[PDB]
Chemist: 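A single structure is presented below for examination.
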2 protein chains.
Amino acid sequence: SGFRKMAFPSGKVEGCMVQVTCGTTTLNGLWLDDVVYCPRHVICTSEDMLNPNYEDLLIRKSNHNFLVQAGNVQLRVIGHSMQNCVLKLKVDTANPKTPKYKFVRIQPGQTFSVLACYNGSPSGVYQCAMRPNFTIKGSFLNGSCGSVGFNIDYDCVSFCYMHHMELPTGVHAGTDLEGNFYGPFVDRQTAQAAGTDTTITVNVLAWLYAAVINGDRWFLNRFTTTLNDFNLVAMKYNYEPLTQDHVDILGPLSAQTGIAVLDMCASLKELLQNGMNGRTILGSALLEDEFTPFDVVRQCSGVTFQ
Amino acid sequence: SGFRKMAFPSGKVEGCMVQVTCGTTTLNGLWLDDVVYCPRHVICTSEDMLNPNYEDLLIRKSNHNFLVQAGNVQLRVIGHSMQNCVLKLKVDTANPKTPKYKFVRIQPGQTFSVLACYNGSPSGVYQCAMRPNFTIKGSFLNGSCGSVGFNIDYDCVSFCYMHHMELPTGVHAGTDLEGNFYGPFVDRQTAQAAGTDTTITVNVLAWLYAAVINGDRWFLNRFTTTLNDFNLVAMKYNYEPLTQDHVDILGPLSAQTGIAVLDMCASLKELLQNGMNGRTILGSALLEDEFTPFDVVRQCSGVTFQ
Ligand SMILES: */C(=C/C(=O)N1CCN(CC2CCN(c3cc4c(cc3F)C(=O)N([C@@H]3CCC(=O)NC3=O)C4=O)CC2)CC1)[C@H](C[C@H]1CCNC1=O)NC(=O)[C@@H](CC(C)C)NC(=O)OCc1ccccc1
Ligand SMILES: */C(=C/C(=O)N1CCN(CC2CCN(c3cc4c(cc3F)C(=O)N([C@@H]3CCC(=O)NC3=O)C4=O)CC2)CC1)[C@H](C[C@H]1CCNC1=O)NC(=O)[C@@H](CC(C)C)NC(=O)OCc1ccccc1
């Protein structure tokens, strides 16, 4: 038993990380087949980043202005092009460790693993949710851009995130692997607001179910509620509104624990209105919203990867 | 910026995981050079585990009673022996993906990465501390035994943990890779007590320093204290007593933040005595003790692995 924030094994993605240098900027790139993907802002100087004209900047760059290194081997760059906010560097060699993979654009509230890298060398792995406001709360230092996020379905890596920025609030922003930002952000060093950060209500409910499965139960009260009633309390606390879709997704956990979803809502409502009274749930003193229903089922069925 | 519980990249350890079956029990083994390490209780039936005589049980087992599988390839077992609570299975093939590695026995309060596995297939990676009472709080289901914990120093994997058991309190227990349990536990299905679980005071202080580095500062008060004075307050809250060794270890963070360690102690003391007043620190509503001074420095310097 027990329940922890857990990242996917990172082996398949480690084999795809490289170092991309242009001028004096170095960051990470993702090397799949004969293409290297990295943030287009590799082409910027510190001065450029205040207000870049990427199209004009890229025009000054040739294939040979891009240095790609895998360990100690230099890849030859035979083509380059800008897709939205990502630069695509064509090389003369297919990565012999390319896993089976997809590019996917994930939905708010979904989770994924980040392999944080510096100089194209993996540093560490942690779990992130795409928050409702299209930021993540990660751990990113200078040189970490180009680090990716991903999910694995058995042997298929689904890439969903590439790291580009930190906002003034200290949270993080980035693109899918087609170079389209999550959220209303742009790859420019200017003040940018993410909206109000709402809580992923369905995720909190899954975690409460997880808690019940791991024997955490003080919080289970004797009330039930309605979808509309709970949601009037959700909005007050900046919780995402709950839908029958969400109820159905929680269906397996509800069916396993024997707790109707609307009963768990009633218990969550009282949690929201009365706080935790200095207690903890699965080892936390606040309500956790970065575990999907899938994340908890995974960790109750013992799904493995190959 | 930002600060997260982060596991080491798991690629080098993934290549060492195999499946070990004996009779009808299946669990994980670690395949390094031409040896496979796994918990000796692979040789037990469900009935055996109530009171096993391992020596008598092992006597009935031959080399051929052990099935070792790497993916779909069966390794041939040419020798077996019991070292403490681990079984060592000699095979006719050296693992071609054996990384550089060490066996180390870690100290209480230190941290390490767990690669949770089932059927010799990696499932996920998370970070654990060897608590002062020699348990860990992990996420382990049936079939997860033989999963290992490790640290990486650049290219060297230091193996320090193999998973064996869950205690009645829901926490986890296991051995070093020489098969010696951490703590007073035995590989038998009987009620076993870990003592009082104390908090790793030095770790909490490192995390408070991390918080300061990431801009969390309400908790910084105007008091200082003495080592003996703080420790009189530590013991009351079941905190580990703080020593000049601990002070020195925090020296780099103290020197970077400009906060004397004893000032941080005074702030921690008031945190302990007055609680958090519904506030949070680095996104948590309680005091975190599973980040070592090394874990926070790592995440402030951007150390990478190769
Ligand atoms: C992600 C990636 C990124 O693009 N950068 C760019 C800046 N930086 C690299 C710096 C490092 C210092 N510097 C420099 C570097 C190098 C040399 C000289 C030099 F002056 C140099 O010679 N070399 C190599 C190696 C060293 C050497 O000796 N010889 C060489 O030839 C150098 O490498 C200039 C370049 C790294 C970051 C970040 C992600 C941030 C969030 C997470 N933490 C972050 O910093 N950059 C951005 O996000 C940035 C994108 C722009 C809009 C284009 N925006 C941003 O987030 O800014 C706000 C911010 C920044 C930091 C913290 C908080 C907020
Ligand atoms: C770690 C490892 C471990 O050794 N075990 C042993 C028991 N279990 C395997 C079971 C599973 C059910 N069962 C069985 C298995 C298989 C077949 C038939 C069958 F009846 C079978 O035919 N096969 C294969 C595959 C299936 C098939 O169709 N054909 C085959 O041939 C089978 O595999 C009997 C064997 C898995 C666990 C755990 C770690 C615990 C902590 C973390 N979660 C845990 O469960 N075991 C222990 O820790 C245990 C060690 C003993 C002291 C020796 N002690 C313990 O923790 O017990 C208390 C406890 C247990 C669970 C939860 C909480 C507390």
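In what follows, chains carry the letters A, B, and so on, assigned in the order in which the sequence lines appear, proteins first and then strands, with residues in each chain numbered from 1. Both ligands and their constituent atoms are indexed starting at 1 by order of listing. Hydrogens, waters and symmetry mates play no part in the numbers below; they use all other heavy atoms, side chains included.
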Chemist: May I ask whether atom 64 (C) of ligand 2 is less than 4.0 Å from at least one protein heavy atom?
Modeler: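 Looking at atom 64 (C) of ligand 2, one finds that a protein heavy atom does lie closer than 4.0 Å.
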Chemist: Nearest protein heavy atom to atom 54 (N) of ligand 2, by residue and atom, and its distance?
Modeler: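 Looking only at protein heavy atoms, the one closest to atom 54 (N) of ligand 2 is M165(B) CG, 4.1 Å.
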Chemist: Answer yes or no: are there more than 12 heavy-atom neighbours, outside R105(B) itself, under 6.0 Å from its atom CZ?
Modeler: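 Yes, CZ of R105(B) has more than 12 neighbouring heavy atoms, counting only those of other groups under 6.0 Å.
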Chemist: Does the separation of the ring centres of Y161(B) and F112(B) fall below 6.0 angstrom?
Modeler: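 They qualify: ring centres under 6.0 Å apart.
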Chemist: Taking the six-membered ring for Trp and the single ring otherwise, decide whether the centroids of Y37(B) and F159(B) are under 6.0 Å apart.
Modeler: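 Here the rings of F159(B) and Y37(B) have centres that are no less than 6.0 Å from each other.
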Chemist: Return yes when at least one protein heavy atom is under 4.0 Å from atom 37 (C) of ligand 2, and no when none is.
Modeler: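 There is a protein heavy atom less than 4.0 Å from atom 37 (C) of ligand 2.
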Chemist: Decide side chain to side chain donor-acceptor pair (under 3.5 Å) for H172(B) and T135(B); before the verdict, give the C-alpha distance in whole Å, the side-chain angles of both, and the deciding distance to 0.1 Å.
Modeler: CA-CA 6 Å; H172(B) 302 109; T135(B) 66; over 6 Å; no
Chemist: Would you say ligand 2 has an N or O under 3.5 Å from any N or O of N142(B)?
Modeler: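 Yes, there is a polar N/O contact under 3.5 Å.
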Chemist: May I ask you to check whether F140(B) has an N/O atom sitting below 3.5 Å from an N/O atom of ligand 2?
Modeler: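 Such a contact does occur with ligand 2.
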Chemist: Would you tell me which option among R188(A), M49(A), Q192(A) has the nearest heavy-atom contact to atom 5 (N) of ligand 1?
Modeler: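 Of the listed residues, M49(A) has the closest heavy atom.
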Chemist: Can you find a protein heavy atom closer to atom 12 (C) of ligand 2 than 4.0 Å?
Modeler: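 Under 4.0 Å from atom 12 (C) of ligand 2, zero protein heavy atoms found.
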Chemist: Below 3.5 Å, N or O to N or O, backbone or side chain included: is there any such pair between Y54(B) and ligand 2?
Modeler: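 The answer is no, given that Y54(B) and ligand 2 share no N or O pair closer than 3.5 Å.
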Chemist: Would you tell me whether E166(A) and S1(B) have side-chain atoms, one donor and one acceptor, within less than 3.5 Å of each other?
Modeler: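 Yes, a side-chain donor-acceptor pair sits under 3.5 Å.
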Chemist: Please could you name the atoms of ligand 1 that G143(A) approaches to less than 4.0 Å, counting only its heavy atoms?
Modeler: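 This gives 36 (C), 37 (C) as the contact atoms.
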Chemist: Could you check atom 56 (O) of ligand 2 against the protein and tell me its nearest heavy-atom contact, residue, atom and distance included?
Modeler: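 Heavy-atom neighbour on the protein nearest atom 56 (O) of ligand 2: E166(B) N, 3.0 Å.
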Chemist: As an exercise, identify every atom of ligand 1 less than 4.0 angstrom from a heavy atom of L141(A).
Modeler: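 Going through ligand 1 atom by atom, the ones under 4.0 Å from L141(A) are 43 (N).
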Chemist: Determine whether any protein heavy atom is located less than 4.0 Å from atom 8 (N) of ligand 1.
Modeler: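 Answer yes: something from the protein, a heavy atom, is under 4.0 Å.
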Chemist: So for atom CZ, which belongs to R60(A), do other residues, nucleotides or ligands contribute more than 12 heavy atoms lying within a distance under 6.0 Å?
Modeler: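 Check fails, neighbour count at 12 or below.
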Chemist: Are any of the protein's heavy atoms under 4.0 angstrom from atom 30 (C) of ligand 2, yes or no?
Modeler: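 Under the 4.0 Å cut-off, atom 30 (C) of ligand 2 has no protein heavy-atom neighbours at all.
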Chemist: Looking at atom 43 (N) of ligand 2, is any protein heavy atom nearer than 4.0 Å to it?
Modeler: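 Protein heavy atoms within 4.0 Å of atom 43 (N) of ligand 2 - there is at least one.
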Chemist: What atoms of ligand 2 come closer than 4.0 angstrom to any heavy atom of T24(B)?
Modeler: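 Heavy-atom distances to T24(B) below 4.0 Å select 15 (C), 16 (C), 23 (N), 32 (C), 33 (O).
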Chemist: When the aromatic ring centroids of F8(B) and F305(B) are compared, is their separation below 6.0 Å?
Modeler: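 Yes, the ring centres sit under 6.0 Å apart.
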Chemist: Determine if the distance from atom 22 (O) of ligand 2 to the closest protein heavy atom is below 4.0 Å.
Modeler: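 Neighbour list for atom 22 (O) of ligand 2 is empty of protein heavy atoms (cut-off 4.0 Å).
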Chemist: Please state which option from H163(B), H172(B), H164(B), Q189(B) has its nearest heavy atom closest to atom 49 (C) of ligand 2.
Modeler: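 It is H164(B) that holds the nearest heavy atom.
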Chemist: Between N63(A) and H80(A), do the side chains contain a donor N or O and an acceptor N or O under 3.5 Å apart?
Modeler: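 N63(A) and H80(A) do have a side-chain donor-acceptor pair below 3.5 Å.
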Chemist: Given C145(A), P168(A), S46(A), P52(A), identify the one with the heavy atom nearest to atom 46 (N) of ligand 1.
Modeler: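 The residue whose heavy atom sits nearest atom 46 (N) of ligand 1 is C145(A).
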Chemist: Can you sort out which atoms of ligand 2 are near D187(B), meaning under 4.0 Å from one of its heavy atoms?
Modeler: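 By the 4.0 Å cutoff, the relevant atoms are 52 (C).
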Chemist: I'd like to know if atom 25 (C) of ligand 1 has any protein heavy atom within a distance of less than 4.0 Å.
Modeler: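 Under 4.0 Å from atom 25 (C) of ligand 1, zero protein heavy atoms found.
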Chemist: Would you confirm whether any non-hydrogen atom of the protein falls under 4.0 Å from atom 18 (C) of ligand 2?
Modeler: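 Within 4.0 Å: no protein heavy atom nearby.
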Chemist: How far is atom 4 (O) of ligand 1 from the closest protein heavy atom, and which atom is that?
Modeler: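 Answer, as residue, atom name and distance: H41(A) NE2, 2.6 Å.
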Chemist: If we count only non-hydrogen protein atoms and require a distance under 4.0 Å, does atom 2 (C) of ligand 2 qualify as touching the protein?
Modeler: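 Yes.
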Chemist: Less than 4.0 Å is my threshold; does some heavy atom of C44(A) fall inside it relative to ligand 1?
Modeler: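 No.
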Chemist: Below 3.5 angstrom, do we get any N/O pair linking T25(B) and ligand 2?
Modeler: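 No, there is no polar N/O contact under 3.5 Å.
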Chemist: Please determine, by modelled atom types, if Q83(A) and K88(A) share a side-chain donor-acceptor pair under 3.5 angstrom.
Modeler: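 Judged by distance alone, the side chains do pair up.
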